[PDB]
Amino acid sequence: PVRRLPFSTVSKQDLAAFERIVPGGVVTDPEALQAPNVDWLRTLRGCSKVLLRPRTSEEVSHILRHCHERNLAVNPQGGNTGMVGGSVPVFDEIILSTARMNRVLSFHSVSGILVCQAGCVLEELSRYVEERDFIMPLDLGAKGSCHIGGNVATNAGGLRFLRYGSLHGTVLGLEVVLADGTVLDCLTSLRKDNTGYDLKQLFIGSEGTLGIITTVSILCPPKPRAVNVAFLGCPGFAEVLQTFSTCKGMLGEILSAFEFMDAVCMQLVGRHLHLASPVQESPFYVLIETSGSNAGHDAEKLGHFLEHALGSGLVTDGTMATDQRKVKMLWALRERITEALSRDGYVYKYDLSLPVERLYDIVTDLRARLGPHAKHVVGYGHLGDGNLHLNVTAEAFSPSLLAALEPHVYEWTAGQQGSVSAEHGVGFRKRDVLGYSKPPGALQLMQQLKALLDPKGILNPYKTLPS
């Protein structure tokens, strides 16, 4: 296994220092530390003995200043919805939670620029801006728990990426506390600014190994006047791909989401969350969302799209909704697959970028390679972006299944020149599989960046660079 690096340990004097620095924000009770020590999948557990909950950036600066002088390792944590073990300690790293850094600083109702603390919950930010007729540029099934700071640190993708793009584009600025407690102010709430190096980009997707994000400035799209959702059954993956092509050709700029899921996903969502399918049983399903300025025009585009899709046999059955309640009901069938999977058993999880034409091949392969040893194998996700969520469920973890899955899935993916972690990131789980997607010189430059910014390595050790 992995060996604990020679960091110091938390003393009573350290506890008293933290009580001085964040009054009422020091949690030491072992039973209270249980939950923050366990990851979302419940397959990794740390042994942290202290949780710190600052309210302000200055408090984070002072905490890290102390940890730097004392050589104490720190595990930043947001919503703890991460999928790659990055969010919980390996040994006894201090858990630094942003839960109480949850204030909105400002919102400009013309530019649509939001500035808020890192621990603001995504769904809550959505409620805040939507009250003002804007939306967040990203959305994901974790919205109820994930923090904007976590989203920036992981460079989260999600359900509207196809329309609004990367956080590398929509984040306008960051305030970041470095490992020695230096406050880096890159919080330029401006749409455009070419005044030197774009330092904030370094912290988007860096997963807390280069600094702790404390404040975010983000560009919020305007709220669409008209939202439509279509939910369609396709008789094969080829028809899914042609449905995508036709969808881009006929809906065009109003397209805001394209998601697929297979028959097994639908069966599991029905079985564990009791959500009935609104279309005839099909081997594949597709959820399409549109967002636009003119209801009538979007309706015409969608109507012609559906007529043509059903006409050429790409879709066997379909349903449409504009009512907010029904739209949300349709979205639940896609959003809650991940929950249903973790209720089905032990989950082997893979998050892959592949050539869209070959996105589902691995699922067929694994269904054949694995026998009755897999309880289920599923594929679903952000097909428009080339992103497959591959999952295998079983009654319990097994070394034999792991040996069948790995390195086979990663070698297949490298064979397709794909990404072994499209959006979820690296963290603890994937730190040793980056060679399938990144050349050695890049990994070395990443290590040099880490050495520059955190020479003591107190921020999220054992992640998210190779050993």
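Note that residue numbering begins at 1 and tracks the sequence as displayed. Each form is matched to the other, and the largest set of C-alpha atoms that superpose within 1.5 Å is called the rigid core.
S.K.: Superpose on the core, then say which of 369 to 377 and 82 to 90 ends up with the larger RMS Cα offset from this form in 5 other deposited structures of this protein.
M.R.: More C-alpha displacement in 5 other deposited structures of this protein shows up in 369 to 377.
S.K.: Should the higher mean CA B-factor in the entry be assigned to 356 to 364 or to 178 to 186?
M.R.: Taking the mean C-alpha B-factor of 356 to 364 and of 178 to 186, the larger value falls to 356 to 364.
S.K.: Comparing 58 to 66 with 401 to 409, which stretch shows the greater average C-alpha B-factor in the deposited entry?
M.R.: Averaged over C-alpha atoms, the B-factors run higher in 401 to 409.
S.K.: Quiz for you: based on the deposited Cα B-factor, which of 288, 135, 302, 153 is highest?
M.R.: Out of 288, 135, 302, 153, the record gives the largest C-alpha B-factor to 302.
S.K.: Quick one: which of 276, 96, 114, 210 shows the highest Cα temperature factor in the PDB entry?
M.R.: Largest recorded C-alpha B-factor: 276.
S.K.: Looking at the entry's B-factor column for C-alpha atoms only, identify whether residue 198 ranks in the lowest, middle or highest third of its chain.
M.R.: Lowest third.
S.K.: Check where residue 445 lands among this chain's C-alpha B-factors and tell me if it's the lowest, middle or highest third.
M.R.: Residue 445: CA B-factor falls in the highest third of its chain.
S.K.: Divide the modelled residues of the chain into thirds by Cα B-factor and specify which third, lowest, middle or highest, holds residue 328.
M.R.: According to the entry, residue 328 has a C-alpha B-factor in the chain's highest third.
S.K.: Compare the C-alpha B factor of residue 130 with those of the other modelled residues in its chain, then answer lowest, middle or highest third.
M.R.: For residue 130, the deposited C-alpha B-factor lands in the middle third.
S.K.: Going by the entry, which third of its chain does the Cα temperature factor of residue 103 land in?
M.R.: Bottom third by C-alpha B-factor.
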